[PDB]
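One structure is given below, encoded as structure tokens.
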Amino acid sequence: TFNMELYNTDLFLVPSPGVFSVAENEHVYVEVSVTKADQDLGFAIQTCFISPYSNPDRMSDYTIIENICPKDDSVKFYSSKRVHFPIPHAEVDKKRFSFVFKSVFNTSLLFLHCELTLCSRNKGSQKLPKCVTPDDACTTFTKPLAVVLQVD
């Protein structure tokens, strides 16, 4: 129901076939996606950080996005993409951003941890947070996802 894809270009055409290889100073194109029936339901990208653990309890000082705000300055957002399944009555909501990688760990095997927050895409709604955009954000309904990175 939730996805996280890495791509080699800002066309998000061709996802990497497992473990993404990355060197300092390169871009990484992330795509996150929610697949759902409700059409009032959106999401935002709450937090993203790199870390050498498959574990997020040991969070990390390498934070890219925090409370929907871009903390790393290399970060760019791209158009979001709602794509309809006609016959299954479904919608994939996708969001996209890049950043420039910096190696700073003591190891070559890393994790991109992103967490999605679900939210309500229509005004007047106790039931979940209304929705908000990334620099608008600079001014339980949350899902953790991890993808693997390989430094060279």
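Residues are named by chain letter and number: chains run A, B, ... in the order of the structure tokens, numbers start at 1 in each chain, and ligands are numbered from 1 in the order shown.
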Give the strand (DSSP E or B) residues of segment 18-143 of chain A, as assigned by DSSP on the backbone, as a compact mmCIF listing (two decimals) with N, CA and C atoms, in the first residue's frame.
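Resulting contents of result.txt:
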# COMPACT_ATOMS: atom_id res chain seq x y z
N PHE A 20 20.48 0.84 -4.25
CA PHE A 20 20.94 1.97 -5.03
C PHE A 20 22.37 2.34 -4.61
N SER A 21 23.20 2.49 -5.63
CA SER A 21 24.59 2.85 -5.50
C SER A 21 24.71 4.35 -5.57
N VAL A 22 25.55 4.90 -4.70
CA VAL A 22 25.61 6.35 -4.55
C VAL A 22 26.98 6.81 -4.07
N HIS A 27 22.93 13.22 -6.96
CA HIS A 27 21.54 13.26 -6.63
C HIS A 27 20.96 11.88 -6.43
N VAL A 28 19.84 11.87 -5.72
CA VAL A 28 19.09 10.67 -5.38
C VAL A 28 17.72 11.15 -5.56
N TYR A 29 16.93 10.42 -6.32
CA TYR A 29 15.55 10.81 -6.62
C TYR A 29 14.63 9.82 -5.98
N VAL A 30 13.89 10.34 -5.03
CA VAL A 30 13.03 9.54 -4.21
C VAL A 30 11.62 9.76 -4.68
N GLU A 31 10.88 8.66 -4.69
CA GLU A 31 9.48 8.70 -4.95
C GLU A 31 8.75 7.88 -3.92
N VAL A 32 7.78 8.55 -3.31
CA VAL A 32 6.93 7.90 -2.37
C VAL A 32 5.54 7.93 -2.87
N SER A 33 4.81 6.89 -2.50
CA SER A 33 3.53 6.63 -3.04
C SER A 33 2.60 5.89 -2.06
N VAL A 34 1.36 6.38 -2.05
CA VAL A 34 0.25 5.74 -1.36
C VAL A 34 -0.84 5.35 -2.32
N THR A 35 -1.34 4.15 -2.07
CA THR A 35 -2.27 3.48 -2.94
C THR A 35 -3.52 3.23 -2.17
N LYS A 36 -4.60 3.92 -2.55
CA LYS A 36 -5.82 3.92 -1.73
C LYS A 36 -7.18 4.20 -2.45
N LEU A 41 -8.24 11.42 0.92
CA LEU A 41 -7.05 11.08 1.68
C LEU A 41 -5.79 11.45 0.91
N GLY A 42 -5.00 12.36 1.49
CA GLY A 42 -3.65 12.60 1.00
C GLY A 42 -2.57 12.12 1.97
N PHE A 43 -1.37 12.62 1.73
CA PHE A 43 -0.25 12.35 2.60
C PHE A 43 0.77 13.45 2.42
N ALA A 44 1.66 13.55 3.40
CA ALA A 44 2.85 14.36 3.22
C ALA A 44 4.07 13.61 3.71
N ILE A 45 5.23 14.12 3.30
CA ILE A 45 6.50 13.55 3.71
C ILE A 45 7.01 14.29 4.94
N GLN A 46 6.87 13.61 6.08
CA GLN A 46 7.12 14.13 7.43
C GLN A 46 8.60 14.24 7.77
N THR A 47 9.29 13.12 7.73
CA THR A 47 10.69 13.09 8.05
C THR A 47 11.39 12.16 7.08
N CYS A 48 12.64 12.50 6.77
CA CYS A 48 13.60 11.67 6.03
C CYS A 48 14.99 11.84 6.62
N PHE A 49 15.65 10.72 6.91
CA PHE A 49 17.03 10.79 7.35
C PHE A 49 17.85 9.57 6.86
N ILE A 50 19.14 9.79 6.62
CA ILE A 50 20.03 8.68 6.36
C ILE A 50 20.64 8.18 7.68
N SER A 51 20.88 6.89 7.76
CA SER A 51 21.34 6.24 8.94
C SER A 51 21.90 4.87 8.55
N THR A 63 19.67 14.46 8.71
CA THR A 63 18.27 14.68 8.50
C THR A 63 18.11 15.56 7.28
N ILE A 64 17.17 15.17 6.41
CA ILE A 64 16.94 15.82 5.14
C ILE A 64 15.62 16.59 5.17
N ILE A 65 14.62 15.97 5.82
CA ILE A 65 13.27 16.51 6.02
C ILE A 65 12.85 16.19 7.44
N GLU A 66 12.23 17.16 8.12
CA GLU A 66 11.78 17.02 9.51
C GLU A 66 10.50 17.80 9.66
N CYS A 69 9.36 19.75 6.93
CA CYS A 69 10.25 20.77 6.42
C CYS A 69 11.57 20.17 5.98
N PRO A 70 12.01 20.53 4.74
CA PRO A 70 13.36 20.38 4.18
C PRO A 70 14.49 21.02 5.00
N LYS A 76 15.14 19.35 -3.40
CA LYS A 76 14.21 19.92 -4.38
C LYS A 76 12.93 19.08 -4.44
N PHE A 77 11.79 19.75 -4.57
CA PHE A 77 10.54 19.03 -4.76
C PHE A 77 10.07 19.07 -6.19
N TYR A 78 9.41 17.99 -6.58
CA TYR A 78 8.88 17.84 -7.94
C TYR A 78 7.37 17.64 -7.86
N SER A 79 6.71 17.80 -9.00
CA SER A 79 5.26 17.64 -9.09
C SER A 79 4.82 16.29 -8.58
N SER A 80 3.68 16.29 -7.92
CA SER A 80 3.10 15.08 -7.36
C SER A 80 2.27 14.48 -8.47
N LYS A 81 1.88 13.23 -8.31
CA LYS A 81 1.23 12.53 -9.40
C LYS A 81 0.19 11.56 -8.86
N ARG A 82 -1.07 11.93 -9.06
CA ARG A 82 -2.20 11.03 -8.80
C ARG A 82 -2.54 10.27 -10.09
N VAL A 83 -2.49 8.94 -10.01
CA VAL A 83 -2.69 8.07 -11.17
C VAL A 83 -3.75 6.96 -10.93
N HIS A 84 -4.84 7.10 -11.67
CA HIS A 84 -6.03 6.31 -11.45
C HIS A 84 -5.94 4.86 -11.96
N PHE A 85 -6.27 3.91 -11.10
CA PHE A 85 -6.68 2.60 -11.56
C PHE A 85 -8.18 2.74 -11.87
N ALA A 90 -9.21 2.77 -7.80
CA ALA A 90 -8.03 3.09 -6.99
C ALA A 90 -7.21 4.26 -7.51
N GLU A 91 -6.39 4.77 -6.61
CA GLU A 91 -5.60 5.94 -6.87
C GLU A 91 -4.27 5.76 -6.17
N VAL A 92 -3.21 6.00 -6.94
CA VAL A 92 -1.87 6.07 -6.41
C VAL A 92 -1.51 7.52 -6.40
N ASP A 93 -1.19 7.98 -5.21
CA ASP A 93 -0.70 9.30 -4.97
C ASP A 93 0.82 9.19 -4.78
N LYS A 94 1.57 9.98 -5.53
CA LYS A 94 3.01 9.87 -5.53
C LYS A 94 3.55 11.23 -5.22
N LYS A 95 4.57 11.31 -4.37
CA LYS A 95 5.37 12.55 -4.26
C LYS A 95 6.87 12.31 -4.52
N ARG A 96 7.51 13.35 -5.05
CA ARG A 96 8.90 13.29 -5.50
C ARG A 96 9.85 14.46 -5.07
N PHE A 97 11.07 14.09 -4.64
CA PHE A 97 12.12 15.04 -4.29
C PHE A 97 13.49 14.43 -4.56
N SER A 98 14.48 15.29 -4.80
CA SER A 98 15.88 14.88 -4.79
C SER A 98 16.71 15.51 -3.63
N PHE A 99 17.91 14.97 -3.42
CA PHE A 99 18.97 15.65 -2.69
C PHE A 99 20.29 15.17 -3.18
N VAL A 100 21.32 15.90 -2.80
CA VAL A 100 22.70 15.54 -3.10
C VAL A 100 23.38 14.77 -1.94
N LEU A 109 27.14 0.75 3.72
CA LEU A 109 25.74 0.29 3.68
C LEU A 109 24.77 1.16 4.53
N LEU A 110 23.91 1.94 3.87
CA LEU A 110 23.04 2.91 4.55
C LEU A 110 21.56 2.79 4.20
N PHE A 111 20.76 3.47 5.00
CA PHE A 111 19.32 3.45 4.86
C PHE A 111 18.79 4.82 4.67
N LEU A 112 17.92 5.00 3.69
CA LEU A 112 17.08 6.18 3.62
C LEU A 112 15.78 5.83 4.33
N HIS A 113 15.47 6.55 5.39
CA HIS A 113 14.28 6.27 6.18
C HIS A 113 13.43 7.43 5.88
N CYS A 114 12.23 7.17 5.40
CA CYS A 114 11.26 8.22 5.23
C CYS A 114 10.05 7.80 5.99
N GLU A 115 9.40 8.74 6.66
CA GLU A 115 8.08 8.43 7.18
C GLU A 115 7.00 9.34 6.59
N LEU A 116 5.91 8.67 6.18
CA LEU A 116 4.70 9.27 5.58
C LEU A 116 3.72 9.56 6.67
N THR A 117 3.18 10.76 6.61
CA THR A 117 2.00 11.09 7.39
C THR A 117 0.73 11.28 6.49
N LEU A 118 -0.26 10.42 6.74
CA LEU A 118 -1.60 10.57 6.15
C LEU A 118 -2.35 11.79 6.64
N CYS A 119 -3.15 12.36 5.77
CA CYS A 119 -3.84 13.55 6.18
C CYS A 119 -5.02 13.81 5.27
N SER A 120 -5.86 14.75 5.68
CA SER A 120 -7.12 14.99 4.99
C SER A 120 -7.10 16.14 4.00
N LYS A 130 -5.54 18.11 8.63
CA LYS A 130 -5.67 18.56 7.25
C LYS A 130 -4.28 18.40 6.61
N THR A 142 0.78 7.68 10.61
CA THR A 142 2.16 7.82 10.19
C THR A 142 2.74 6.48 9.82
N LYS A 143 3.52 6.47 8.74
CA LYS A 143 4.04 5.22 8.14
C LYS A 143 5.54 5.27 7.83
*Between atom CA of residue 127 of chain A and atom CA of residue 145 of chain A - distance in Å to one decimal*: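 Answer for the atom CA of residue 145 of chain A to atom CA of residue 127 of chain A separation: 23.4 Å.
Using only C-alpha atoms, the shortest contact distance between residue 128 of chain A and any of A:147, A:13, A:89, A:40 is found at A:40.
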*Report the distance between atom CA of residue 150 of chain A and atom CA of residue 104 of chain A in Å, rounded to one decimal place.*
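Separation of atom CA of residue 150 of chain A and atom CA of residue 104 of chain A: 12.6 Å.
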*Which is closer to residue 133 of chain A than all the others in A:57, A:152, A:105, A:67, using only C-alpha atoms?*
A:67
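Counting only C-alpha atoms and comparing A:107, A:87, A:75, A:132, the residue that lies closest to residue 53 of chain A is A:107.
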